[PDB]
Number of protein chains: 2
Amino acid sequence: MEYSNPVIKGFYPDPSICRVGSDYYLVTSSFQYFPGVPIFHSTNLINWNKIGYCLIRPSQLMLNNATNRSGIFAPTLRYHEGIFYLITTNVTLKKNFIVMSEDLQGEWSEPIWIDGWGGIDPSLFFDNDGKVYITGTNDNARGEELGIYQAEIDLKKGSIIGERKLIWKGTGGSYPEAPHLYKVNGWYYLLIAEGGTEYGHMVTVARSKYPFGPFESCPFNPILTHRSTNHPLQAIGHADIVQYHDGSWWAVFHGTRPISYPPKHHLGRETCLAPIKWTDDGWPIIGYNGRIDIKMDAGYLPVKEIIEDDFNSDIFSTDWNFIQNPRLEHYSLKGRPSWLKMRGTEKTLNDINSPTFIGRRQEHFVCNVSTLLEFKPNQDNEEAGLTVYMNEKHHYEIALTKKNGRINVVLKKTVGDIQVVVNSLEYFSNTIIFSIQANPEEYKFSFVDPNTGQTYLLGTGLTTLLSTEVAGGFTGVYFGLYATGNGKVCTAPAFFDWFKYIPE
Amino acid sequence: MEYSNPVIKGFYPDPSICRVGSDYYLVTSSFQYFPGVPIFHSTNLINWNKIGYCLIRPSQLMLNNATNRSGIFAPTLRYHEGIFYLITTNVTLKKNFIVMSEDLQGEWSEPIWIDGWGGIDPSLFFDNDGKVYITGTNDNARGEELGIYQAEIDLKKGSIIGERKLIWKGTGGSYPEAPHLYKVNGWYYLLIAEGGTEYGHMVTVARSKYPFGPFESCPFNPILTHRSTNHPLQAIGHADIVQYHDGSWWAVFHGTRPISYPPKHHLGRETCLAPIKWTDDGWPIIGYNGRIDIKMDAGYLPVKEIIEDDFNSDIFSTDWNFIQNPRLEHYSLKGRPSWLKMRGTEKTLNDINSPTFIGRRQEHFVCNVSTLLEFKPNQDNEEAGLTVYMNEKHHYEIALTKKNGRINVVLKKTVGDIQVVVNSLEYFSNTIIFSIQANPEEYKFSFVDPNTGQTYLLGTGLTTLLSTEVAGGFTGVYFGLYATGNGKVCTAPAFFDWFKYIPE
Ligand SMILES: OC[C@@H]1O[C@H](O)[C@H](O)[C@H]1O
Ligand SMILES: OC[C@@H]1O[C@H](O)[C@H](O)[C@H]1O
Ligand SMILES: O[C@@H]1[C@@H](O)[C@@H](O)OC[C@H]1O
Ligand SMILES: O[C@@H]1[C@@H](O)[C@@H](O)OC[C@H]1O
Ligand SMILES: O[C@@H]1[C@@H](O)[C@H](O)OC[C@H]1O
Ligand SMILES: O[C@@H]1[C@@H](O)[C@H](O)OC[C@H]1O
Ligand SMILES: O[C@@H]1[C@@H](O)[C@H](O)OC[C@H]1O
Ligand SMILES: O[C@@H]1[C@@H](O)[C@H](O)OC[C@H]1O
Ligand SMILES: [Ca+2]
Ligand SMILES: [Ca+2]
């Protein structure tokens, strides 16, 4: 039996996994998007269902001034004696913290801030003797030696017990990070990432008889990498290990699916799965001797996407994210029941600090995305539409607006410093359907006059100008609904009737 | 004593070196640019002077349909018994060939085509017993096994002697290439590149008692790489070894100087230098145990850029290149003596097949480039100016043109599918000076009214939107003079009085 990588497609980086009984839970990083830290459930490690998010209240998730280069970095999920612990860094705050839950169907606790614990990629390990360890990276603010640092932790207080110790510098790759500590068959294993989360990414491992070392580097490090290969999966690493309930061992990790030359990726880093074998001499081997594939052998794992939101519910679906903390008063499912009402502010998609926007990840190279908008702009600056969005300097949008007192449909692009109106046509109806067809190379932007059903191709745009390599940051493309007054508050409401996401 | 890498700055990839007495000669790849294969001279390996080019006649260099993804790939330079041999691939023709010279101050021979020898990166080795070997890569057209292939060669006939043999697959990195064979202290060394010429690039070496193997992989391969590091020099490899006349050993190779995040480079791949040490057990060590730096120890090498062309000469300087084979009738230094006259055709900078353009490499992150143009366009399509050019889809230009019968100075950009006029101002003089200030992050485009000396900032543009990572291909930015009729022949001549390139 076979499965395909990635197992969670689209922008789902830094996967951390946690087993409870015969069920599995997984979390990913979310940067500037709100709510933060998607959480998934699976029974077979292959098929994952999003249960919701971990950070859903402003007290848990302060994203003022966050961008796709900041906000929430790698989260780690652990379970002990009926309690889930989620530990992560808000890089904008420069703070590490824990939230807790006894029930993933309910909400998580207020943050327990870990004072004086710096760096990114905090992790927790519950040792068999009852001791709890926090492991993490060098603190940049301080200017510490690159490497992996560890201490005992008191979980109630969120405070370190005893001394913080450097435990391993790694094999010598850049950015030693993503540390997780495990104990298997009497050995402590320290699993890390090196090389940076781009084309040099790799997984390395060390072991010791003691939780604080000394750690011996695995003689066949790195144990997983696609560096220096032209494989369709690239930038592989940031791994977390699980033992399935049949006793077999597996790792989750992220990778990219770049296209073009030099390689460029626009779907973000995506969650992948590979089996682990243990050597006779007590080392883990990931995948096919340190390499993985798109099609993989499922071993004994039990093998087994059209999304349509008509805005009938007064609760937002779990597909939606906002750019930073939403200004709640600017979105309404109740103002006009069965529609989403959005109120544009002075902020545009070129601005980092909460523009009026709600969006969902692009999770497929080939898909069709559409929405119906009612919008009657009162003034020339006023605009609402559908965006393909990577960050504040890299986005395309098809929108209704006004120019010299005439309503126009426009295709607009921001790429770096370039802000261009690509095409503009007069439009004569109160509602419009926007439709975007995505393929690996380009987006095609069309609009439909709803009453006639007549379709019009407005223009196209390249996927590669939205790629991470071009745009910067750590994220993937989103499709979003937005409104703006382009420097002034928008005086006209935007009403979106529905949103459809149809993969090939 | 110290030197700085790169030793030849700007677009100078795939360096191959050749010693004759106490003097040294070096060649680099040139892709679609004409003339092709720059050749340099040095006495100390650090300071290189361009002597000219190897491929200067249309018979030697057929570039119709060549782009920055094709044309001339890696060249290798060798010397034997008073004759220089340059061997390379024209990827557009899909042909390998040799040109010969007994005097680098004169021209090279007609091509000797090596029939049936495919792949890229051909190399020559003159064995101590008089035998001559050609070494190269797998032939893609055929669909051969990746690896390094070798045969004996008859140099007069350009034909293989005996059998072509696979000699090494490399260590397992992608694209095993750049092979060179050497014989040192009774061992044959086969030096190659693996990992691709991007962030996974590395140098590996194998040895044998016999020229055709079996080859043993060096136990500490790779012997040079910056993969998985955040060093300012990246993508290092494609090395060629020389023994200096004091007996010390050195390698030349290329690397990039990327900026931003993810890393992006716009100066092309640049030629670097590092020392070699030989181990007691007979293996070469490059640089500081397989890593190199911007500042390097010069050992015993004897340690030791404003370019102004006023077009007084009726011969083009060695700084200038054209896009493919120039249409000679469209450039003149004699029509108006002391000026360069250019005649624009229907072809624009967006077209691959010889637009009217002459250009020189950007060789510094910080520099000021300028020219004076006399241009009186007769029609709206007609345009001449100064370009910052990476390839046909990635270039910025400041130019004089006509719109609705008014002369305007414009800043124009092509980035992927985006073609935009960024700024446009009416202009009232027959001549104009264009001035571009480059820094690592951006180009600033100004014009000067020559008689008044008044300067006007027209706009700016990002370096990263011209980077190789964004644009594609294998080259670096050029600054160019150009003219076009934008779909029609230009009916007005363009006269450029001078060109100045002033590094910081
Ligand atoms: O995803 C953001 C950062 O990149 C690396 O994957 C690191 O482990 C993580 O915190
Ligand atoms: O520069 C073009 C090609 O890239 C690699 O450096 C290869 O060796 C060369 O022929
Ligand atoms: O892997 C990442 C690295 O490449 C850098 O860009 O930022 C922090 C690290 O997590
Ligand atoms: O190293 C190069 C590789 O990465 C690819 O892009 O093209 C041919 C090779 O020479
Ligand atoms: O912090 C609280 C959390 O502990 C509980 O689970 O749900 C409600 C929250 O306010
Ligand atoms: O009994 C458990 C079994 O399900 C599996 O082997 O994983 C660990 C064991 O504790
Ligand atoms: O091919 C000729 C070359 O061999 C000679 O060196 O210079 C003139 C060329 O025409
Ligand atoms: O005599 C030569 C010397 O200059 C140097 O050691 O390089 C090789 C020798 O042949
Ligand atoms: Ca509805
Ligand atoms: Ca002159």
Side-chain angles (χ1 to χ4, degrees), chain A residues 3 6-31 33-61 71-88 97-111 123-124 238 240 242 244-245 250 252-254 268-273 301-309 313-322 326 333 358-364 475-476 478 499 501 503:
Chain A
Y3 68 91
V7 294
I8 311 175
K9 295 167 293 283
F11 160 56
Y12 293 108
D14 304 313
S16 174
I17 192 169
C18 172
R19 171 180 167 188
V20 179
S22 309
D23 291 80
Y24 302 84
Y25 305 93
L26 182 157
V27 291
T28 61
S29 46
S30 53
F31 305 86
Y33 292 102
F34 184 103
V37 190
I39 181 161
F40 295 86
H41 165 260
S42 179
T43 58
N44 68 353
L45 307 181
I46 299 160
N47 295 104
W48 295 91
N49 60 280
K50 195 187 285 179
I51 50 183
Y53 295 87
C54 300
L55 307 179
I56 75 167
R57 303 191 301 275
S59 63
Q60 297 165 319
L61 184 50
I72 300 298
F73 275 37
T76 292
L77 179 67
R78 299 290 181 249
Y79 179 82
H80 184 71
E81 302 203 299
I83 308 166
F84 294 90
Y85 298 86
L86 191 285
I87 191 170
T88 194
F97 65 97
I98 301 170
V99 294
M100 284 81 158
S101 186
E102 282 179 305
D103 181 7
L104 302 181
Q105 277 78 58
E107 302 179 8
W108 293 73
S109 73
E110 293 300 312
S123 185
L124 291 169
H238 203 115
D240 200 13
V242 70
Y244 197 65
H245 56 263
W250 298 80
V252 296
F253 53 93
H254 66 233
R269 294 160 297 160
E270 309 183 73
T271 286
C272 299
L273 175 74
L301 300 174
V303 298
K304 289 204 268 281
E305 297 176 298
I306 309 148
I307 318 296
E308 279 199 31
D309 190 345
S313 177
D314 72 352
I315 314 143
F316 288 113
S317 89
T318 63
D319 275 312
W320 294 121
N321 292 169
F322 303 87
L333 290 160
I358 197 178
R360 64 100 70 216
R361 295 160 174 79
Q362 181 177 0
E363 293 165 348
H364 301 81
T475 64
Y478 272 69
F499 178 87
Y501 178 90

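Proteins come first, then strands; the chains are lettered A, B, ... in the order of their sequence lines, and each starts at number 1.
Here the OG-CZ distance, from A:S42 to A:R19, works out to 13.0 Å after rounding to the nearest 0.5 Å. Interatomic distance, A:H254 NE2 to A:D240 CG, rounded to the nearest 0.5 Å: 12.5 Å. Rounding to the nearest 0.5 angstrom, the gap separating the SG atom in A:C18 from the OH atom in A:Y85 is 11.5 Å. Note that the CD atom of A:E308 and the OG atom of A:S317 stand 12.5 Å from one another [nearest 0.5 Å]. Between atom CD1 of residue A:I17 and atom CZ of residue A:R78 there is a gap of 9.5 Å, rounded to the nearest 0.5 Å. To the nearest 0.5 Å, the span separating CG on A:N44 from CH2 on A:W250 amounts to 10.0 Å.
The shortest distance between side-chain heavy atoms of A:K9 and A:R361 does not fall below 4.5 Å. Contact annotation: the side chain of A:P35 never approaches that of A:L55 to less than 4.5 Å [non-hydrogen atoms, C-beta and beyond]. Counting heavy atoms from C-beta on, the side chains of A:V242 and A:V252 never come closer than 4.5 Å. By the 4.5 Å heavy-atom criterion applied to side chains, A:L86 and A:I39 are not counted as neighbours. Inter-residue side-chain proximity for A:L124 and A:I98 is flagged as met; some heavy-atom pair is nearer than 4.5 Å. A:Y24 places a side-chain heavy atom less than 4.5 Å from the side chain of A:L45. At a threshold of 4.5 Å between non-hydrogen side-chain atoms, the residues A:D14 and A:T28 do not count as touching. In this structure, the side chains of A:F253 and A:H238 stay at 4.5 Å or more apart for every pair of heavy atoms.
In this structure, the side chain of A:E305 does not engage the main chain of A:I307 through any donor-acceptor pair within 3.5 Å. Side chain of A:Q60 to backbone of A:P111: no donor-acceptor contact under 3.5 angstrom is found. The closest donor-acceptor contact from the side chain of A:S16 to the backbone of A:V27 lies at 3.5 Å or more, if one exists at all. In this structure, the side chain of A:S29 does not engage the main chain of A:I72 through any donor-acceptor pair within 3.5 Å. Within the 3.5 Å criterion, the main-chain N or O of A:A74 finds a donor-acceptor partner in the side chain of A:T88. Under a 3.5 Å cut-off, the side chain of A:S30 and the backbone N or O of A:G36 do not form any donor-acceptor pair.
A:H364 and A:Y501 make their closest contact through ND1-OH, 2.6 Å (heavy atoms, listed as atom of the first residue, atom of the second, distance). The minimum heavy-atom distance between A:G52 and A:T318, with the atom names listed, is CA-CG2, 4.2 Å. Residues A:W48 and A:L26 come closest through the heavy atom pair CZ3-CB, 3.5 Å. In plain terms, the two heavy atoms of A:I8 and A:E270 that are nearest each other are O-CB, 3.7 Å.
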_Trace of the side chain to side chain contact (heavy atoms under 4.5 Å, CB included) decision for A:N49 with A:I51_ = CA-CA 6 Å; A:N49 60 280; A:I51 50 183; 3.4 Å; yes
- prompt: What do the steps show when you test A:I56 against A:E107 for side chain to side chain contact (heavy atoms under 4.5 Å, CB included), and what is the final call?
  reply: CA-CA 8 Å; A:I56 75 167; A:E107 302 179 8; 3.6 Å; yes
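Figure legend: cation-pi geometry between A:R360 and A:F499 absent, as NZ or CZ is not positioned both under 6.0 Å from the six-membered ring centre and within 45° of its axis.
Between A:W108 and A:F84, the angle of the ring planes goes over 60°, which puts this pair in the perpendicular group of the 30/60° scheme. Between A:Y12 and A:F40, the two ring planes are perpendicular [angle over 60°; tilted spans 30° to 60°].
For A:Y53, the side-chain hydrogen bond (donor to acceptor under 3.5 Å, both in side chains) test picks out A:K50, A:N321, with sequence neighbours left out.
Residues A:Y25 and A:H41 bring their aromatic ring centres within 6.0 Å.
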